[PDB]
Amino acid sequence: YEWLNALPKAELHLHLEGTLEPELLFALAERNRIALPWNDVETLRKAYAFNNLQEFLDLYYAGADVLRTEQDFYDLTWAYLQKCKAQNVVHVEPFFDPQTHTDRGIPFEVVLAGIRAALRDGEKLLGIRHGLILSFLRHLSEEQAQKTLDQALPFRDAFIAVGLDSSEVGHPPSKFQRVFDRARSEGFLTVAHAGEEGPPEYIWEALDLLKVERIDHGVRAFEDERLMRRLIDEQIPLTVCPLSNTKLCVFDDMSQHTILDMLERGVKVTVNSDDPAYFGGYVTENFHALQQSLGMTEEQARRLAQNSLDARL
């Protein structure tokens, strides 16, 4: 563990909103004078039991209510940056979901100010490089994403890419091909969630329609050998999230996770925490789970950490 924790790493698949610890949630609620549905932290924490992606999302979006001020968004991000320092994550390319906040009335500029301020501290005080990624909510319309991209244009230099998260199944990457096209035209790189719950086909779409630089999750690629051969051949990175897949029931157990299989086959996989406050672990805890449940070796530990460095944008 401490050896794992000592490894230099880059986290490339993380949602800032998904780092919202129960304690922070209650503290922001207090500061913002919000009456929570949850009686206590302990009760909110017991609600972290999931049977699929959707059950998690509903709760995950519910939590975002307490994010109201610039200081809120600073606290959220700074708390995570501190975890990174402690776990020797030296480089972060985090997601945020503008629509979750803008749709609640919070100004786009306020969200960004808070996050940007923290990232600046992360780098000058903690030594942590960052590449903010703006993620679209895929259950909403492409039109809504276009409106979000328009807000992002004056800010475009604050983002290294646009991503795509939220309810995967029944919202294929194709639904968002136009806005992605425009984003790239405007100088954005692209990434996308694909093959978490969605089929291999969605991953082909991300690759070929959205033209992503990396696949987020991408575990269901395992079902598709032609795709596997392509991943291995193009060295397209996968941002795999062990505890997230476990907690969302992608795998019925951690002993059944295929990330080490992929590693050995030559897929350029990485280790990430995804939504650490909800899945009960940060990046080091994800490496640890691999060692515990899949007898991962230091050997494979070093390779995974290195892929994450190599896969930076």
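Start at 1 with the first residue shown and count on from there.
According to the PDB record, 251-259 carries the higher mean C-alpha B-factor of the two stretches 251-259 and 54-62.
In this entry, the higher average B-factor at the C-alpha atoms falls on 217-225, of the pair 217-225 and 74-82.
In the deposited coordinates, the residue among 47, 277, 34, 27 with the greatest CA B-factor is 47. For residue 102, the recorded CA B-factor ranks within the lowest third of the chain. Only modelled residues enter the ranking. Per the deposited record, the Cα B-factor of residue 119 falls in the lowest third when ranked against the other modelled residues of its chain. The PDB entry assigns residue 298 a C-alpha temperature factor belonging to the highest third of its chain's modelled residues. Residue 20: CA B factor in the lowest third of modelled residues in this chain (values from the PDB entry). Annotation for residue 157: C-alpha temperature factor in the lowest third relative to the rest of the modelled chain, per the entry.
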